[PDB]
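Participant: So that you have it, the file is target13.txt, and it contains compact mmCIF, N, CA and C atoms and all ligand atoms:
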```txt
# COMPACT_ATOMS: atom_id res chain seq x y z
N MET A 1 -6.12 20.82 -4.26
CA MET A 1 -5.19 21.65 -3.47
C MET A 1 -4.70 20.87 -2.25
N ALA A 2 -4.01 21.56 -1.35
CA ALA A 2 -3.49 20.96 -0.12
C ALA A 2 -2.52 19.83 -0.41
N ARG A 3 -1.29 20.19 -0.77
CA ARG A 3 -0.27 19.20 -1.07
C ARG A 3 0.14 18.46 0.20
N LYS A 4 -0.09 17.17 0.20
CA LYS A 4 0.29 16.32 1.32
C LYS A 4 1.47 15.45 0.91
N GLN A 5 2.27 15.06 1.88
CA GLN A 5 3.41 14.19 1.64
C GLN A 5 3.19 12.86 2.34
N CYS A 6 4.10 11.93 2.12
CA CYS A 6 4.10 10.67 2.83
C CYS A 6 3.98 10.92 4.33
N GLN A 7 2.90 10.44 4.93
CA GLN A 7 2.61 10.72 6.33
C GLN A 7 3.62 10.04 7.25
N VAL A 8 4.44 9.16 6.69
CA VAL A 8 5.44 8.45 7.47
C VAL A 8 6.82 9.08 7.30
N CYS A 9 7.18 9.42 6.07
CA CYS A 9 8.49 9.99 5.80
C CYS A 9 8.34 11.21 4.88
N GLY A 10 9.28 12.14 4.94
CA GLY A 10 9.14 13.39 4.21
C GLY A 10 9.51 13.28 2.74
N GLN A 11 9.13 12.18 2.11
CA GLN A 11 9.39 11.99 0.69
C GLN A 11 8.11 12.14 -0.12
N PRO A 12 8.23 12.56 -1.40
CA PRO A 12 7.08 12.66 -2.30
C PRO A 12 6.35 11.33 -2.44
N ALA A 13 5.07 11.33 -2.10
CA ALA A 13 4.27 10.13 -2.15
C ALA A 13 3.75 9.89 -3.56
N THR A 14 4.22 8.82 -4.19
CA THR A 14 3.80 8.51 -5.55
C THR A 14 2.48 7.73 -5.55
N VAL A 15 2.07 7.24 -4.38
CA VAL A 15 0.87 6.43 -4.28
C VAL A 15 -0.20 7.14 -3.45
N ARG A 16 -1.35 7.35 -4.06
CA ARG A 16 -2.49 7.90 -3.35
C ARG A 16 -3.37 6.76 -2.87
N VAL A 17 -3.55 6.66 -1.57
CA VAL A 17 -4.36 5.61 -0.99
C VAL A 17 -5.69 6.18 -0.54
N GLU A 18 -6.76 5.76 -1.18
CA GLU A 18 -8.09 6.23 -0.84
C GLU A 18 -8.83 5.17 -0.04
N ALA A 19 -9.05 5.46 1.24
CA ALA A 19 -9.71 4.52 2.13
C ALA A 19 -11.09 5.05 2.52
N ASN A 20 -12.10 4.21 2.38
CA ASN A 20 -13.46 4.61 2.69
C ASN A 20 -13.76 4.35 4.15
N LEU A 21 -14.12 5.39 4.87
CA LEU A 21 -14.50 5.28 6.26
C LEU A 21 -15.91 5.82 6.46
N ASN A 22 -16.88 4.92 6.49
CA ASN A 22 -18.29 5.29 6.66
C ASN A 22 -18.75 6.23 5.55
N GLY A 23 -18.21 6.03 4.36
CA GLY A 23 -18.56 6.87 3.23
C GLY A 23 -17.56 7.98 3.00
N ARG A 24 -16.79 8.31 4.04
CA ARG A 24 -15.80 9.37 3.96
C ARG A 24 -14.58 8.88 3.18
N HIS A 25 -14.18 9.64 2.18
CA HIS A 25 -13.02 9.29 1.37
C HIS A 25 -11.75 9.82 2.01
N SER A 26 -11.02 8.95 2.69
CA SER A 26 -9.78 9.34 3.34
C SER A 26 -8.61 9.17 2.39
N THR A 27 -8.00 10.27 2.01
CA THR A 27 -6.85 10.23 1.12
C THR A 27 -5.55 10.21 1.92
N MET A 28 -4.91 9.06 1.93
CA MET A 28 -3.64 8.89 2.63
C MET A 28 -2.52 8.75 1.62
N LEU A 29 -1.45 9.51 1.81
CA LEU A 29 -0.34 9.50 0.87
C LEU A 29 0.86 8.76 1.43
N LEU A 30 1.30 7.76 0.69
CA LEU A 30 2.46 6.96 1.06
C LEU A 30 3.39 6.79 -0.13
N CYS A 31 4.67 6.57 0.13
CA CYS A 31 5.59 6.19 -0.93
C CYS A 31 5.28 4.76 -1.38
N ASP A 32 5.85 4.36 -2.50
CA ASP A 32 5.58 3.05 -3.08
C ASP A 32 5.99 1.92 -2.14
N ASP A 33 7.15 2.07 -1.52
CA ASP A 33 7.66 1.05 -0.61
C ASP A 33 6.75 0.89 0.59
N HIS A 34 6.22 2.01 1.07
CA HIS A 34 5.33 2.01 2.23
C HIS A 34 4.04 1.28 1.88
N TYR A 35 3.50 1.61 0.71
CA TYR A 35 2.25 1.04 0.26
C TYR A 35 2.38 -0.47 0.06
N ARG A 36 3.48 -0.88 -0.55
CA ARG A 36 3.77 -2.29 -0.72
C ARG A 36 3.89 -2.99 0.62
N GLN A 37 4.52 -2.32 1.58
CA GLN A 37 4.66 -2.86 2.92
C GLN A 37 3.30 -2.92 3.63
N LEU A 38 2.44 -1.96 3.33
CA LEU A 38 1.10 -1.90 3.93
C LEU A 38 0.24 -3.04 3.42
N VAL A 39 0.26 -3.25 2.11
CA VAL A 39 -0.47 -4.35 1.49
C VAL A 39 0.11 -5.69 1.94
N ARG A 40 1.41 -5.69 2.20
CA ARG A 40 2.11 -6.88 2.68
C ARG A 40 1.60 -7.30 4.06
N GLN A 41 1.19 -6.31 4.86
CA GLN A 41 0.66 -6.57 6.19
C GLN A 41 -0.67 -7.31 6.11
N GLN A 42 -1.37 -7.11 5.00
CA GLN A 42 -2.68 -7.72 4.79
C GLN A 42 -2.52 -9.16 4.30
N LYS A 43 -1.29 -9.67 4.34
CA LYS A 43 -0.98 -11.01 3.85
C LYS A 43 -1.20 -11.07 2.35
N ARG A 44 -1.12 -12.26 1.78
CA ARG A 44 -1.34 -12.42 0.36
C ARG A 44 -2.64 -13.19 0.11
N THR A 45 -3.49 -12.64 -0.75
CA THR A 45 -4.79 -13.22 -1.01
C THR A 45 -4.69 -14.48 -1.87
N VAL A 46 -4.45 -14.30 -3.15
CA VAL A 46 -4.35 -15.43 -4.07
C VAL A 46 -3.03 -15.37 -4.83
N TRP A 47 -2.01 -15.98 -4.27
CA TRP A 47 -0.69 -15.96 -4.86
C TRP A 47 -0.09 -17.36 -4.86
N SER A 48 0.34 -17.82 -6.02
CA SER A 48 0.90 -19.15 -6.15
C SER A 48 2.32 -19.07 -6.71
N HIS A 49 3.22 -19.85 -6.13
CA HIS A 49 4.60 -19.88 -6.57
C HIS A 49 5.18 -21.28 -6.39
N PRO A 50 5.81 -21.83 -7.44
CA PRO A 50 6.43 -23.16 -7.39
C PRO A 50 7.48 -23.26 -6.30
N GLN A 51 7.23 -24.12 -5.33
CA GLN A 51 8.17 -24.36 -4.24
C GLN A 51 8.94 -25.64 -4.52
N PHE A 52 8.19 -26.71 -4.75
CA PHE A 52 8.77 -27.99 -5.15
C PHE A 52 8.10 -28.46 -6.43
N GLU A 53 7.26 -27.59 -6.97
CA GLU A 53 6.54 -27.87 -8.20
C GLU A 53 7.47 -27.74 -9.40
N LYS A 54 7.24 -28.55 -10.41
CA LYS A 54 8.05 -28.52 -11.62
C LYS A 54 7.15 -28.53 -12.85
ZN ZN B 1 7.69 7.58 2.58
```
Once more with this new file: its structure as structure tokens, please.

Facilitator:
Amino acid sequence: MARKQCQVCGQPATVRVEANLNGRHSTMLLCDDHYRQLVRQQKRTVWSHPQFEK
């Protein structure tokens, strides 16, 4: 129950983000673009792309 929307914008959140805080399951709802932007803030872990590689 308790329908929540994107906490940033009033659009339907297609992504459910479950964050653990001291065991507490925090359910944060964001749109896809927001979530991608959020993960983007965390930098990129293991990503390789040819820059001058052939
Ligand atoms: Zn949104």

Participant: So the first atom is atom C of residue 7 of chain A and the second is atom CA of residue 30 of chain A; what is the distance between them in Å, to one decimal place?

Facilitator: 7.0 Å

Participant: Grab me every residue within 7 Å of ligand ZN 1 (chain B), counting all atoms listed in the file, and send it over as a ChimeraX atom specification.

Facilitator: /A:5-13,30-34

Participant: Rounded to one decimal place, report the atom C of residue 28 of chain A-atom CA of residue 2 of chain A distance in Å.

Facilitator: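 Distance reported for this atom pair: 12.4 Å.
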
Participant: At what distance in Å, to one decimal, does atom CA of residue 27 of chain A lie from atom C of residue 1 of chain A?

Facilitator: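 Separation of atom C of residue 1 of chain A and atom CA of residue 27 of chain A: 11.4 Å.
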
Participant: Rank A:40, A:50, A:3, A:29 by their smallest atom-to-atom distance to residue 15 of chain A, using only N, CA and C atoms, and report the top residue only.

Facilitator: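 That would be A:29, the residue with the smallest distance to residue 15 of chain A.
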
Participant: Nearest to residue 39 of chain A: which of A:17, A:53, A:23, A:4 is it, counting only C-alpha atoms?

Facilitator: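 The shortest atom-to-atom distance to residue 39 of chain A comes from A:17.
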